Amino acid sequence: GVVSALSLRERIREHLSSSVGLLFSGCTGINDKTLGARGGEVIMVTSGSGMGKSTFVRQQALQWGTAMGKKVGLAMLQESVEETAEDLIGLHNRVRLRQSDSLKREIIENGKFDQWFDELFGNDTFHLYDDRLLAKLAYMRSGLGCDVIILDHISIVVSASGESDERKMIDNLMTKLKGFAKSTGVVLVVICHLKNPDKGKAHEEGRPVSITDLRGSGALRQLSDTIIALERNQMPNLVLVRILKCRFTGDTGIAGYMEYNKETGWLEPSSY
Amino acid sequence: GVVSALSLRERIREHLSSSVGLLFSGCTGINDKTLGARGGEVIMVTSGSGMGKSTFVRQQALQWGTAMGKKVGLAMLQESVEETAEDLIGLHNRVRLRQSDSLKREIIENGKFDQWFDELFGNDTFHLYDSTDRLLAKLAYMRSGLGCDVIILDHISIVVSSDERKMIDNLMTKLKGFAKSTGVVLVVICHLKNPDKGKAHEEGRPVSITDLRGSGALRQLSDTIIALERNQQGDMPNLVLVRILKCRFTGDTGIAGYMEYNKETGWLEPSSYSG
Amino acid sequence: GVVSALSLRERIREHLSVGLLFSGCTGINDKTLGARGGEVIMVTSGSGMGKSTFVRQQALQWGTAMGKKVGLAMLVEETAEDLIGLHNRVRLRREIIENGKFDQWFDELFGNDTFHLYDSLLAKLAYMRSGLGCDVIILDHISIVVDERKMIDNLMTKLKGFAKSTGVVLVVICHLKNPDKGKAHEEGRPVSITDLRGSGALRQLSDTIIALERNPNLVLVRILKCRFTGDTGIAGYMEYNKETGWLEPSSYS
Amino acid sequence: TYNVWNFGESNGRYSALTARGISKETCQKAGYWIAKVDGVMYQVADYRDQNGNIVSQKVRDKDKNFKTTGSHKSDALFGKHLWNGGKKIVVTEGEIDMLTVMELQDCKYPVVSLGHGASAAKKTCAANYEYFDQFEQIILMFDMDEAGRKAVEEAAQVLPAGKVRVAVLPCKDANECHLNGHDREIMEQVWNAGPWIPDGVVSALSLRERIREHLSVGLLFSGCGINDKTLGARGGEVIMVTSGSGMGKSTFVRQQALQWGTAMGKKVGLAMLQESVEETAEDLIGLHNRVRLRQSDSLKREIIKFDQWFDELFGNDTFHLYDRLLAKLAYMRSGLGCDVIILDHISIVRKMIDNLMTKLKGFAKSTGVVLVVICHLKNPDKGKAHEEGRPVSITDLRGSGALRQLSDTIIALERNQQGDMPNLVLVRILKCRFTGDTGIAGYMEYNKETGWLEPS
Amino acid sequence: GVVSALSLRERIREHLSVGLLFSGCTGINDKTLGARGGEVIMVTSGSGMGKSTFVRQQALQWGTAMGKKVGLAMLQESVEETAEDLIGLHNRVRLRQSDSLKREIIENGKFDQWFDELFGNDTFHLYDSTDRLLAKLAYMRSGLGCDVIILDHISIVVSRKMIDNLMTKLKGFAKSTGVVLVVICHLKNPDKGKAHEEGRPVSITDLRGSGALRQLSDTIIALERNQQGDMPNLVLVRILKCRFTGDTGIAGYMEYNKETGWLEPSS
Ligand SMILES: Cc1cn([C@H]2C[C@H](O)[C@@H](COP(=O)(O)OP(=O)(O)OP(=O)(O)O)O2)c(=O)[nH]c1=O
Ligand SMILES: Cc1cn([C@H]2C[C@H](O)[C@@H](COP(=O)(O)OP(=O)(O)OP(=O)(O)O)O2)c(=O)[nH]c1=O
Ligand SMILES: Cc1cn([C@H]2C[C@H](O)[C@@H](COP(=O)(O)OP(=O)(O)OP(=O)(O)O)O2)c(=O)[nH]c1=O
Ligand SMILES: Cc1cn([C@H]2C[C@H](O)[C@@H](COP(=O)(O)OP(=O)(O)OP(=O)(O)O)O2)c(=O)[nH]c1=O
Ligand SMILES: [Mg+2]
Ligand SMILES: [Mg+2]
Ligand SMILES: [Mg+2]
Ligand SMILES: [Mg+2]
């Protein structure tokens, strides 16, 4: 039932003995402000429509799954497992494998595909996926032992189910997912979208995004710990990062600037 | 089921050499920054009211049917079966079959009407539709039971006609799930909403991405977005502009290239207009 | 419902083996080629600026000249008195009840029983089309029939579905919205395609958009949308008669 | 109930019908016979499918009971197996009518019948659309009742169009006209009938004399316009007065009740449920003598000449006040001879409102009395309220929606209550079955000193 | 069950024979005259505008200087986080947001010296996460004798009538037991104009769920600050309703003092 504050010395001693860390990549001001992703938090990544909300998260997954040895689970629902495991092969070798038939035919010919495959998927650090979703996430946490779970494109788990009221279903899914992340203590990266503005320019042409532009409900900004927003204009490759809310620390605002390399596919830091 | 990282050795190897893009016709500036169309691709086509969506999609269907041998299925709800059959037969013979009563009277009295009919539909690639939930079942029967590769849906606002936003979101989700794990190009024709200030879309206004009417869930589940424009009150009423608004595979947006519509043959050809 | 390509061996030949011209201004047939089966013709004008006269003249010229049954859902005896006063070239709006020539005017119009009226919705129109056997159906004042955006879109969807696979010419009269800057519609402002009030689905399901404009009595007919040919602009000029009610075609520059 | 009754196990015998008027040949051709089981003679009719197999029995006794032998299908017609085409069929309501038509036509025309009647005609006529394609004309022969007219009206949607005609009869059905010797008038109704014309489709040929009738009143209304548009009140009409709370429904209907008892001289039966009986009489006394009574303390005790003002307007037996309710209103119609019945509030009286409105409609159809019923409006979900000048639509009817499907005219009032002046009402006619025209009727002012709604 | 007014002298004499002050700005104690027994207090702000920080400072000032029994209910988070936050806030050192200092005091041996300074008594009590919440609050009120009960999040209690029934039940509990009760709720999504995070003045309409959240509570305190502005730490405190005093409006101003963590007043 209730817990007295006097018989709590051992738990407070063992809690701060350990976690903290798990830095980001691509930019410096994100780790300056947000100080990385933590266990139990829910980090929400927002962009426009086709503005680079899936390249950034897969680049972060490639950084976290290789350079730190953390077991990473990916619930990709936009594309199948044949494409989201193909881009990680090309991005590690600094090429664009899916967008060139010549390199595909060359790595079929010379036998370099096995050398690119065993150099990445040697350790069990990537677990993919193709009420029937949260049980699979609980199985990934318990039976498999993942440390970073990426939930992609939340707009097709609240619209693909038949409900008379959408907003209450979004609120119930969000509080159940937050309870799962708080109970198991796993790092969770959730991707959502934005809604239509009323006047002025569009989000795909350089609109300064606010916090109330989250599409679907009003509890997406009330049960999340870090809100990262990506903005660019279509220089058609100068993307900037805005930290809209952080529960842990206080400083919010413009983190920095990044640029997208068109020949390799990375997010390099820029100066401006 | 949850898959692992070691069982993906053979399936990625098979998928790597399975995938082949289908080229576009009419303009060469589109293929330079879209790279065609593959399995699990949704191509949204939009313009103003009466700007030439149906003509462009019908030309694309004809060039994918009579040249590359791809099995094409249509779901024309804007018209019926005989009208679009006459449109295809007239368009392949470089004439306008509906706009000439004398030509319709002539080609039936000289016995050559079987010459035009047996050269297109004799290779039985085309499969038409004779006009929610049963529409998806009929499209699934058209895909699995017949083996088509391109499926065209025209004027989606009939299908969504309580609350339109949840219906069009569930419809777009069902069509994206139907395109996923099946391997079929899905072309969807939609329209635009009313403008707020200034000139209209039928007089030559540049369109944004937030003008697709009905909801905002149309540009969030589409893989390629193509917009056509022309001016019917200016000097050149047959000079169109093609604008790629969103490309999730390549990432190049903007003006592809101008084209010119022929009033006598029904075709529209690649022009050489400069801005 | 799935129909293959080899099943249309003789249905296309049956479909090849239909035009209904417009009276008054002869320029309108020069660019839209009349009408055909499954043709929705949206006719609009200003606030009482030649709004219910042109459609009535086209109904009268289609009824007694080509033998086409014309069903008017005008929104009963008033339109009959107006047609009798219009065909005999008099300004109705006393003598004919005395000398007995009212029966002579009645026996020459409705004696070939083509016309049908509506008593002051879609099942009645389906009975009028299938049971009675008409070809032209006219609806006026669709703002009276119809949140004023979901109803009008479903109404246009049901009317387009009724006109499909039936072979009927459906003429629909609508209104225009109020202007904001410059000059009004009653002074001779050139109309745009986005002036149809109520929704934006009116020009996405119609097959012909005809607009009428006037100020002293010279009217202007403008084609705004044609899905058969694609020619827009001014189709001609007509002049209204203040003594007979018959607006006549002119040759104004 | 048990099994299909064989004639060997039930002593079947084919005989005639003397008391009904059917010989033995018609029942022999159809299959109608009589069994002797359980002592009492049981009459029985046979049903056959399209092939001709025995599929159903209909067992009736001398006391008009029903006994279906098993699974009764919906596509089984009495007289269907014998005919498989033709150019003219005659659809009856019962089974003895089909035998009567076969007797009076010498077994020539293809004549069928229904197996359910006027209660389930829609179920047996909707699923039988594929059988009616091989026919050229259909002649409907229903009863001269209310249920027969309801069946022939609701059977207009499931039958093919342009082929079905409806005939009329002076009897209940064809059998009493067969018994009363009207064998020369039924053949003219079979050969000649009338088209449908359902409720909105008026052909131009049928205006030979209606335009001349247009080129040629009832109980009038007080205050401007209304009687010029709806042509007054008639017998059997159900007048509805709908407005917002505080818009003056009771004052308007009380002024209409006063001018129908002092000028027309008709017996008016009041029924006030919103207030007591000691207040509406004082309000009528104050309304007649041009001086407001219930809103002045000194004049209520100054006149107490009270008996003079009492018997000036209550000197006759004109008005009848009131302090389950349908028996009261039936006594007010019959036992008192009243012409006007006013019901002030209906919500204090889903399934309750519909049954009450059907019962009041049947009462007003049987008696033929002027009936005024007052109800309220809904609550609008967006915009201004009905009290600041929003026009009342026909959709906003408080309770079950069917208050407009069983009425005859609807009068609404609008005035700006919190505005520049509250004493200028707008009268709107929403629906008139006879005249047809709707819209704004006129404008009245209240004249706060007196209480009369004089026109302006 | 009715009680006449004449035989009520003894119950009026024993009833009337200021209250718990707030901390921070001095205007909030001057305007609504502090908290009283039996009240229901609402604290409103935008998303991440300092709801838990202000009420945690209030619990620290009411649990140490006054010595009253304070019962926290952190349904939003765990108990180790709020325990470490209280230990850091009492010692004026930002503890949870510093990595090089959490491992410093665990080896020095002065961690228990900071622990027994505020948890030496049996004062604080914590909740560990539909109808069991009211039974646990009744247990905290009876079996422990708590004076101020703080409820951190009302929206996750909701799995319109379920909010009205819950608020009537909480008002009946706080009226029968006579306990001071603070309940935290959120604001709704606006439709036109700026957001609440960029310095929009909060109206009394903006309350999620239903509209009876402003009808049963006794006082409403809103906090506003400009997040994307010239300074992000100057907050404004707005009193929206007070049944006892009546005066509402802008109370005062507080700055955050980023290094320490105390909402100290400004001018
Ligand atoms: C980040 C970025 C991407 N791109 C291009 C390359 C990418 O392949 C393409 C989109 O890749 P994605 O990362 O898949 O785009 P998305 O996730 O935002 O799409 P959606 O919102 O529909 O889910 O955009 C740029 O051109 N400039 C950029 O700065
Ligand atoms: C392509 C093109 C067509 N046309 C003409 C010829 C076509 O027969 C006519 C209409 O072509 P459609 O393609 O049928 O018009 P639409 O589909 O855009 O209209 P809706 O929204 O109602 O479905 O337009 C031009 O005038 N200029 C052009 O550039
Ligand atoms: C119509 C009208 C009424 N009045 C007065 C007459 C009445 O004394 C008072 C209210 O009118 P009433 O007729 O008494 O209202 P009501 O009882 O019919 O309403 P409901 O049954 O729905 O509750 O207002 C005016 O002063 N000016 C006016 O224009
Ligand atoms: C009050 C205040 C807090 N902060 C920062 C520093 C604190 O560590 C951080 C804590 O935020 P919280 O107080 O936990 O935010 P919240 O409770 O209002 O919102 P929610 O629980 O719904 O997410 O806020 C400021 O930067 N400036 C301020 O004025
Ligand atoms: Mg994506
Ligand atoms: Mg089209
Ligand atoms: Mg009243
Ligand atoms: Mg909080």
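Observations, loosely collected:
- Among the candidates B:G40, B:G122, B:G29, B:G36, the residue that is within 16 Å of ligand 5 (Cβ to nearest atom) and surrounded by fewer than 21 Cβ atoms within 10 Å (Cβ to Cβ) is uniquely B:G40.
- Which numbered condition D:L215 misses (of (1) among the hydrophobic types (A, V, I, L, M, F, W, C); (2) surrounded by 14 or more Cβ atoms within 10 Å (Cβ to Cβ); (3) within 14 Å of another protein chain (Cβ to nearest Cβ)): (2)
- Residue match in the stretch C:14-22 (condition: within 11 Å of another protein chain (Cβ to nearest Cβ), surrounded by fewer than 19 Cβ atoms within 10 Å (Cβ to Cβ) and either under 12 Å from the mean Cα position of the chain (by Cα) or hydrophobic (A, V, I, L, M, F, W, C) (or both)): yes
- Listed conditions (1) in contact with a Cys (Cβ under 9 Å, 6 or more places away or on another chain); (2) not in a helix (DSSP H, G or I) are all met by C:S143, apart from (2).
- Scope the stretch E:57-74; condition within 16 Å of ligand 4 (Cβ to nearest atom), more than 23 Å from E:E264 (Cβ to Cβ) and more than 10 Å from chain A (Cβ to nearest Cβ); matching residues: E:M74
- Within the stretch C:1-13, being hydroxyl-bearing (S, T, Y) and within 7 Å of chain B (Cβ to nearest Cβ) holds for one residue alone: C:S4.
- Pairing each residue of the stretch E:117-139 that is among the aliphatic types (A, V, I, L, M) with any residue that is crowded, with 19+ Cβ neighbours inside 10 Å, provided the two are 6+ apart or on different chains, yields C-beta distances under 6 Å for E:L126/A:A5; E:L126/E:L72; E:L126/E:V79.
- Residue match in the stretch D:161-184 (condition: of a type in the set (D, E, K, R) and within 14 Å of chain C (Cβ to nearest Cβ)): yes
- Criterion violated by E:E81 - all others in (1) more than 9 Å from chain A (Cβ to nearest Cβ); (2) within 16 Å of ligand 8 (Cβ to nearest atom); (3) assigned to a helix (DSSP H, G or I) satisfied: (1)
- Matching residues, the stretch C:165-193, being crowded, with 18+ Cβ neighbours inside 10 Å and either not in a strand (DSSP E or B) or not aliphatic (A, V, I, L, M) (or both): C:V168, C:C174, C:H185, C:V191, C:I193
- Against the list (1) under 12 Å from the mean Cα position of the chain (by Cα); (2) within 16 Å of ligand 1 (Cβ to nearest atom); (3) at positive phi, the condition B:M44 fails is (3).
- Exactly one residue among A:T212, A:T226 is more than 16 Å from ligand 6 (Cβ to nearest atom), of a type in the set (S, T, N, Q) and under 18 Å from the mean Cα position of the chain (by Cα), and that residue is A:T226.
- Condition check for A:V20: closer than 30 Å to E:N108 by Cβ and among the hydrophobic types (A, V, I, L, M, F, W, C): yes
- Here A:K262 meets each of (1) buried (at least 20 other Cβ atoms within 10 Å of the Cβ); (2) within 13 Å of ligand 1 (Cβ to nearest atom) with one exception, condition (1).
- Selection from the stretch E:99-142 of residues that are of a type in the set (S, T, N, Q) and within 10 Å of chain A (Cβ to nearest Cβ): E:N121, E:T123, E:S129
- Of all residues in the stretch E:96-138, those satisfying the criterion of being of a type in the set (S, T, N, Q) and under 30 Å from A:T184 (Cβ atoms) are E:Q97, E:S98, E:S100, E:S129, E:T130.
- Within the stretch D:334-359, considering residues that are more than 16 Å from ligand 7 (Cβ to nearest atom) and in contact with a strand residue (DSSP E or B) (Cβ under 7 Å, 6 or more places away or on another chain), the one farthest from D:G246 (Cα to Cα): D:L336
Residue by residue, here is whether (1) in contact with a helix residue (DSSP H, G or I) (Cβ under 6 Å, 6 or more places away or on another chain); (2) farther than 24 Å from C:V146 by Cβ holds:
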{"site": "D:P391", "(1), (2)": "no, no"}
{"site": "D:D396", "(1), (2)": "no, no"}
{"site": "D:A402", "(1), (2)": "yes, no"}
{"site": "D:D420", "(1), (2)": "no, yes"}
{"site": "D:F434", "(1), (2)": "no, yes"}
{"site": "D:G442", "(1), (2)": "no, yes"}
{"site": "D:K448", "(1), (2)": "no, yes"}
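- Picking from residues in the stretch B:41-56 that are among the β-branched types (V, I, T) and assigned to a strand (DSSP E or B), the one that is farthest from ligand 4 (Cβ to nearest atom) is B:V45.
- In this structure, A:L238 does not satisfy being surrounded by 15 or more Cβ atoms within 10 Å (Cβ to Cβ) and away from ligand 3 (no atom under 16 Å from the Cβ).
- On inspection, E:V202 fails the criterion of being in contact with a helix residue (DSSP H, G or I) (Cβ under 9 Å, 6 or more places away or on another chain) and more than 9 Å from chain A (Cβ to nearest Cβ).
Here the Cβ is made from the backbone with ideal geometry for all residues, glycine too, and neighbour counts use every protein chain on show. The numbers here are math on the coordinates, done by the rules we state, and not lab data.
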